[PDB]
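Starting off, we have a lone chain in the form deposited without ligand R9M, written out as structure tokens.
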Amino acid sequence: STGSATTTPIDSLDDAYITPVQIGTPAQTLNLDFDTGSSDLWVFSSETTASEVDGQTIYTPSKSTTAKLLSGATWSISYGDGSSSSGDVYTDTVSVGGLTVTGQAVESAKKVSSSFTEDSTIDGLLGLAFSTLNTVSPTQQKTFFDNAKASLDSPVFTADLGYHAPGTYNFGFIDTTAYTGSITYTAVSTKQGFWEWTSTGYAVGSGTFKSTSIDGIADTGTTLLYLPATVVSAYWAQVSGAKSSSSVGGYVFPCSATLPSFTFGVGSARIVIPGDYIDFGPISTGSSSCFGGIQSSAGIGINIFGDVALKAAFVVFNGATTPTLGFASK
């Protein structure tokens, strides 16, 4: 089997991408935020505290003839941005782009933190990291991809995120028309439960490539590119007037600037992020200070190849017995 679904930016900045997901029978379609940095499929639901729901579409298990309470199971997750959610668990039929999994754990939120409530465009998350990170207790549950894997033509999914445009998540096949040149594959460590890999270096604009190992994660649920402070300082030093602002929370730059590209290495291959992808617009409406799309990871504990980086590539998440990542230009 295979599946193919379009993923759509939630706003004009590509802050996140939503993909329609069919849950239950008859289908309830919710727009979920496919996260390769986490491993829970959770949804706004009829059980979510009413004051914490503000425009999201909810899953109502009592209206699904295939829903079953997973008795005794609870979940609770805290993300790297400080947001969180928790609740109980149903199993139900879940379909993405024509690919159907029966018995998928659907984590129904009883509580969500304020950033979820305040974003009406996101109805939940679909985790695509390794199932070892799934938070369901006392019986850990598998991700949608792990449940689908055995049925897929090939045990892979691909992320093809658009710049200011829709893109595609494919399951079970690699669309050879979706990229240029060849796909360069690179080793993955699953020791932390992430799609963790080592970039071979970087360049700023037309500058020389610096060969240096940068360990980080491929994370479709993170908006920006978070790299070591040395690398980030080297980038922003090429933008007149750019500075790190403690009050704003990162590097800002004059909105009048033209940003240089940023290149990252994948083996001997190179992925070029155009400068325009690094512009996240005014820090507040009407400001002439703009927020940068490359930020320091120093306060995180891990480097994160988020959407800014991934949208410059066609990315293969190869879930074979020994997982690997593939990157191609497009």
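In case it trips you up, residue 1 is the first one in the sequence shown, and so on.
There is another form of the same protein, the form solved in complex with ligand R9M; it is not shown, and what comes next is about it.
Interface residue remark: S245 is counted as part of the site for ligand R9M in the deposited bound form, having a heavy atom within 4.5 Å. In the deposited bound form, no heavy atom of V272 sits within 4.5 Å of ligand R9M. The closest heavy atom approach of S288 to ligand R9M in the deposited bound form falls within 4.5 Å. In the deposited bound form, at least one heavy atom of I283 sits within 4.5 Å of a heavy atom of ligand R9M.
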